[PDB]
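Input: a single structure, listed below in structure tokens.
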Amino acid sequence: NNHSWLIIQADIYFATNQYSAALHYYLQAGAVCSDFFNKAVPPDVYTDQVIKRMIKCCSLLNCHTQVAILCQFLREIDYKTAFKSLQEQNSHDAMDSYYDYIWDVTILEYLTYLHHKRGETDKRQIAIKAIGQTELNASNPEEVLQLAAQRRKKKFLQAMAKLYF
Amino acid sequence: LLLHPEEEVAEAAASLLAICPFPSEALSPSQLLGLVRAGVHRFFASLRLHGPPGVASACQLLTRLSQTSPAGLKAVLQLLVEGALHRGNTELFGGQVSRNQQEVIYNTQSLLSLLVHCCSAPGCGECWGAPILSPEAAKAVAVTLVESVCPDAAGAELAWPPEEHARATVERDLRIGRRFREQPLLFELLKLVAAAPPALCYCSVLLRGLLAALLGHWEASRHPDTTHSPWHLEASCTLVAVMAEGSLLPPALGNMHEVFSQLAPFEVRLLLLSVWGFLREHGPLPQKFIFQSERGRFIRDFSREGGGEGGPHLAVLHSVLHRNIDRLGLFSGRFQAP
Amino acid sequence: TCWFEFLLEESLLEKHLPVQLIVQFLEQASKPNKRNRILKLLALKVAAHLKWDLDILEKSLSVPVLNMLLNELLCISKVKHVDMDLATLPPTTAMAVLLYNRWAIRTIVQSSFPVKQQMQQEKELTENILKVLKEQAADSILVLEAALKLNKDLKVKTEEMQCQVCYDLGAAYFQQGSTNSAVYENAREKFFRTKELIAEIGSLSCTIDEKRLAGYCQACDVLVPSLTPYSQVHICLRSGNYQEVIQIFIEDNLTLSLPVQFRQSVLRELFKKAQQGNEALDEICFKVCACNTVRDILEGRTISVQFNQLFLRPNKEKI
């Protein structure tokens, strides 16, 4: 139950194209740092480099909805990678049901746009309902939005760590 | 193996695990979390098939898991509360979608006893004394409750809004009320949350929608008395009772649940609106509770707050009493200033 | 059967043998002198024909109409109330003065009573009237007290008048008592007083709510005691004799007489008193809790979190 060593071993499994193990031990370090993602993971452990290695591993495992939702964990939201991976149609991560973890209005708007382009009416309606949420509105006084971000971060991290362990 | 289908191997593994020591260094987060999920699954399944007698193994394990570390404590509390409130493991506790009540009380006994065991601080403290529930465990139960009932947490500020907000949040408040009527264990957990002093503040959203579903009901209750809505009367008394136990209300103002069975709906609605007004002028924030290290408990002292003894809000209550001296005259010994 | 018809004849009121007539006459008289005087006289006549029953007029007629009618009667009668003393006053003038003070105290009592939720002007006038009587409630209380004390002597029984005035004065004391407990003490005495009068005359005549007086007596018996198990537990908690308190609950489990929430609330108060100090109180909290636990078993209700918190370290004494 050290977090730096779970990170180190996640990186070691990462370099050797063991991306499932890299995700496993990245998530292990993250859940050690918080209390099962109940708290907020300290920024000095889930750093931008770690988030990027994780996002690459999730892409190579074809978990592209997970890629979109991970892309918003950075200090600046990396819209380009999430947009490209959301354009993928071969994903293995329960694309629609995972939408509750999207808190970015731009990313949801982009997803609704693809669903309109591809004719996925049910996923379009799901994305629209996700956008049509009062707490998700971009005009909230900077506190409902931050709390929404933290709670979606927590739910995402804990369901992810369940999938990997 | 605690997921293995045949029951005898499952119990044998569980009874090994309950007594088999955890590794000396620590439990890996994968190991810790897999053990915790297996333990709660055994506990829940042990109970579904055996009931209260046959869960001790799992319970021991879970308790042993819950004292491992705050990460394991929060994980087991969150997973036990979530599994208690899932569409499965809900019919054991009176959850909606006929079952015997007796078994429900005693299943709930096992679950709540486990939670108290996990929550309570280990380690003669007098011959009659009781161990102190920890604040943080009830805080975690509180946040898991609020995320299970009203996941948005759109009112995540603890200070209460003006009573005009209630008509802005009608759907959310009705959702919380519907959930509380559907799953009675919720109140038990609230009482458990209330059994620790501060954590009920972190359920404030719940309670605010809860009071407004109650207030809303008392809005539209056209019946001349209070007993034509049994569940709502019991929920309101339990809420004031839980708020008064959680020390969100003063003793004089919190005792009003005693008269609620002899009141008209508008009278109790004005009483609950005085509840709302008090919660507005004071608010459930953890900083007012002070840690008495002599007994080691968080205490809420209204006297130092200033006007905490219901300066004007007791005016409404006393006006109720005077209006109802014909029936509530004897009850007047419940709401005195001292 | 209208306002105009009644003002025409001087004897059609006898053929009518009323509160609607009162309010119509008052509204016509107050609409923006001989006709006004005649209407006021007719209103006084019908109000007297109602035998001066304050309850019916209070429930039918609103604050401003009845206030205007009584101000008018005080105008013809005497035309300051505190200094009159009603000693040298004629009996009709004295009864008018005491009736006005009684009505004022009754309305200031009924204003505090919570209720269900042109009109705006009437509300503003009622608010102004209530503020006026608030600024002069002490004078009305003193006048009622003097009238009760001065039992010198149409004409009705002095006992009925004194009983009604002391009952209203006691109600006013009870309403005042919410701010200050000591005032309650006075109320008790006066209530005891009317109790004696209630047992003295036994005459319906005047008419007071027996249930309300019984309730006031009950309330003063517990708030200011100076029987039932309920008040026994109240007295013992006031005294701190908790062992008989446990005994009373234990006897209750057989009868289930006390209300459940009373015991839940008293146990909660016991726990709250315990967590500050009085380390010996914890056993008490256990014991009552145990009975409550046991009681909660007999009615088929869940073991409280408090027993599950108490048996965490079981002991032979506990068991």
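In the structure tokens, the first chain shown is A, the next is B, and so on; residue numbers restart at 1 for each chain, and ligands run from 1 in the order shown.
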
Notebook entry, point to check: Mind listing as an MDAnalysis selection string which residues of chain B are within 10 Å of chain A, counting only C-alpha atoms?
Noted result: chainID B and resid 25:34 37 69:75 78 140 143:144 147 151:157

Emit the selected residues as a compact mmCIF listing (two decimals), in the first residue's frame, including C-alpha atoms.
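Just written: again07.txt:
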```txt
# COMPACT_ATOMS: atom_id res chain seq x y z
CA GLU B 25 2.52 -6.02 6.16
CA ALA B 26 -0.85 -4.82 4.78
CA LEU B 27 -3.57 -5.67 2.27
CA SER B 28 -3.02 -4.66 -1.35
CA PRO B 29 -5.70 -2.25 -2.63
CA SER B 30 -6.65 -4.91 -5.14
CA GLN B 31 -6.51 -7.49 -2.34
CA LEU B 32 -8.23 -5.19 0.14
CA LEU B 33 -11.00 -4.27 -2.29
CA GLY B 34 -11.55 -7.82 -3.54
CA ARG B 37 -16.40 -7.03 -2.02
CA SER B 69 -7.33 1.24 7.58
CA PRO B 70 -9.50 4.28 6.80
CA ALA B 71 -9.40 3.32 3.12
CA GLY B 72 -10.77 -0.12 3.95
CA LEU B 73 -13.16 1.37 6.49
CA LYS B 74 -14.59 3.81 3.94
CA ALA B 75 -14.70 1.12 1.23
CA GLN B 78 -19.68 2.59 1.30
CA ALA B 140 -19.05 8.49 5.00
CA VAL B 143 -22.29 11.04 1.83
CA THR B 144 -23.04 7.56 0.52
CA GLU B 147 -25.28 10.00 -3.33
CA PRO B 151 -26.89 11.86 -6.53
CA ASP B 152 -26.68 15.36 -8.04
CA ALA B 153 -26.04 17.01 -4.65
CA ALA B 154 -27.07 20.28 -6.30
CA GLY B 155 -27.66 21.82 -2.87
CA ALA B 156 -24.29 20.67 -1.56
CA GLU B 157 -23.97 23.77 0.63
```

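Look at residue 26 in chain A: the protein and nucleic acid residues within 6 Å of it, using only C-alpha atoms and passing over chain neighbours fewer than 3 places away, are residues 7, 10, 22, 23 and 29 of chain A.
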
Margin query: With 8 Å as the limit and counting only C-alpha atoms, what residues in chain C lie close to chain B? Please list them as a ChimeraX atom specification.
Written below: /C:112-116,174-175,178,211-219,222-223,234,261-262,265,268-269,275-276,282-283,286,300-303,305-306,308-313,315,317-318

Margin query: Env of residue 15 in chain A: 12 Å cut, atoms = only C-alpha atoms, seq-sep filter 4 positions within chain, self excluded. Answer as a VMD selection string.
Written below: chain A and resid 8 to 11 19 to 22 53 to 54 56 to 57

Checklist line | Expected answer as an MDAnalysis selection string: alpha helix (DSSP H) residues in range 156-311 of chain C | finding: chainID C and resid 158:176 181:201 210:223 229:239 242:255 260:276 281:298 305:310

Mind dumping the selected residues with C-alpha atoms as a compact mmCIF listing (two decimals), in the first residue's frame?
```txt
# COMPACT_ATOMS: atom_id res chain seq x y z
CA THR C 158 -71.88 38.77 40.01
CA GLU C 159 -70.36 35.29 40.30
CA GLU C 160 -70.76 34.64 36.56
CA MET C 161 -69.21 38.00 35.65
CA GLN C 162 -66.27 37.56 38.04
CA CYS C 163 -65.71 34.00 36.80
CA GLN C 164 -65.68 35.07 33.16
CA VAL C 165 -63.38 38.03 33.77
CA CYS C 166 -60.90 35.98 35.83
CA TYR C 167 -60.96 33.18 33.23
CA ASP C 168 -60.08 35.66 30.48
CA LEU C 169 -57.42 37.31 32.65
CA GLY C 170 -55.88 33.90 33.33
CA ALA C 171 -55.87 33.11 29.62
CA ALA C 172 -54.03 36.38 29.01
CA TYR C 173 -51.51 35.51 31.72
CA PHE C 174 -50.99 32.11 30.11
CA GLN C 175 -50.32 33.67 26.71
CA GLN C 176 -47.88 36.13 28.29
CA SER C 181 -42.50 31.68 33.31
CA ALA C 182 -43.40 33.57 36.52
CA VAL C 183 -46.54 35.05 34.92
CA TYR C 184 -47.79 31.47 34.51
CA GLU C 185 -47.95 31.18 38.31
CA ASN C 186 -50.53 33.98 38.49
CA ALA C 187 -52.58 32.32 35.75
CA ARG C 188 -52.77 29.12 37.78
CA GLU C 189 -54.31 30.91 40.75
CA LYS C 190 -56.91 32.66 38.62
CA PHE C 191 -57.71 29.40 36.86
CA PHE C 192 -58.09 27.72 40.24
CA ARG C 193 -60.37 30.64 41.07
CA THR C 194 -62.68 30.07 38.12
CA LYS C 195 -62.58 26.36 38.89
CA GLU C 196 -64.15 27.20 42.24
CA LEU C 197 -66.71 29.37 40.46
CA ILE C 198 -67.26 26.54 37.98
CA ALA C 199 -68.07 24.33 40.96
CA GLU C 200 -69.87 27.15 42.78
CA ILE C 201 -72.73 28.23 40.52
CA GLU C 210 -65.19 23.19 30.26
CA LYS C 211 -62.61 21.27 28.21
CA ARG C 212 -60.43 24.36 27.84
CA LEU C 213 -60.55 25.13 31.56
CA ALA C 214 -59.67 21.51 32.33
CA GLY C 215 -56.74 21.78 29.95
CA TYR C 216 -55.54 25.01 31.55
CA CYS C 217 -55.73 23.32 34.95
CA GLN C 218 -53.71 20.38 33.61
CA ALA C 219 -51.09 22.69 32.11
CA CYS C 220 -50.71 24.65 35.32
CA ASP C 221 -50.55 21.37 37.24
CA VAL C 222 -47.36 20.39 35.39
CA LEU C 223 -45.71 23.71 34.47
CA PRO C 229 -47.67 8.12 35.45
CA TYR C 230 -46.89 10.78 32.83
CA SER C 231 -46.75 13.58 35.40
CA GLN C 232 -45.02 11.21 37.82
CA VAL C 233 -42.11 10.88 35.39
CA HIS C 234 -42.22 14.62 34.78
CA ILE C 235 -41.99 15.28 38.52
CA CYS C 236 -39.17 12.78 39.01
CA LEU C 237 -37.13 14.23 36.13
CA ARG C 238 -37.71 17.63 37.70
CA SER C 239 -36.35 16.05 40.89
CA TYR C 242 -34.47 8.41 38.15
CA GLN C 243 -34.86 4.98 39.76
CA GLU C 244 -38.60 5.41 40.18
CA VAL C 245 -38.47 6.71 36.60
CA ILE C 246 -37.10 3.33 35.47
CA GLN C 247 -39.71 1.64 37.66
CA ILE C 248 -42.49 3.65 35.98
CA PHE C 249 -41.40 2.64 32.50
CA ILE C 250 -41.01 -0.98 33.63
CA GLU C 251 -44.56 -0.94 34.96
CA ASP C 252 -45.60 0.67 31.67
CA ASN C 253 -44.35 -2.21 29.51
CA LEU C 254 -47.18 -4.32 30.92
CA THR C 255 -49.74 -1.59 30.21
CA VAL C 260 -43.61 5.75 22.78
CA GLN C 261 -42.24 9.09 21.59
CA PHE C 262 -42.43 10.52 25.10
CA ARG C 263 -39.98 7.86 26.25
CA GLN C 264 -37.84 8.23 23.12
CA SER C 265 -37.62 11.97 23.81
CA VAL C 266 -36.95 11.63 27.54
CA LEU C 267 -34.27 9.03 26.84
CA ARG C 268 -32.78 11.42 24.26
CA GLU C 269 -32.75 14.18 26.87
CA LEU C 270 -31.17 11.76 29.34
CA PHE C 271 -28.44 10.92 26.82
CA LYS C 272 -27.83 14.60 26.17
CA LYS C 273 -27.55 15.31 29.90
CA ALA C 274 -25.23 12.31 30.17
CA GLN C 275 -22.72 13.28 27.50
CA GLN C 276 -21.84 16.60 29.20
CA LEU C 281 -26.21 8.96 34.60
CA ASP C 282 -25.05 6.58 31.84
CA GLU C 283 -26.45 3.54 33.64
CA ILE C 284 -29.75 5.41 33.85
CA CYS C 285 -29.55 6.03 30.11
CA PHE C 286 -28.89 2.33 29.61
CA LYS C 287 -31.68 1.24 31.92
CA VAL C 288 -34.39 3.42 30.41
CA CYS C 289 -33.00 2.50 26.98
CA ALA C 290 -33.21 -1.18 27.88
CA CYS C 291 -36.86 -0.79 28.85
CA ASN C 292 -37.44 1.16 25.66
CA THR C 293 -35.58 -1.55 23.79
CA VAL C 294 -37.75 -4.14 25.51
CA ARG C 295 -40.80 -1.99 24.90
CA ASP C 296 -39.86 -1.54 21.25
CA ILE C 297 -39.84 -5.34 21.07
CA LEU C 298 -43.37 -5.72 22.40
CA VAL C 305 -29.12 2.20 17.49
CA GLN C 306 -28.72 2.94 21.19
CA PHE C 307 -28.95 -0.68 22.36
CA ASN C 308 -26.70 -1.77 19.50
CA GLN C 309 -24.34 0.88 20.82
CA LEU C 310 -24.75 -0.26 24.43
```

Notebook entry, point to check: In terms of the shortest atom-to-atom distance over only C-alpha atoms, which of C:62, C:257, C:70, C:47 is closest to residue 126 in chain C?
Noted result: C:62
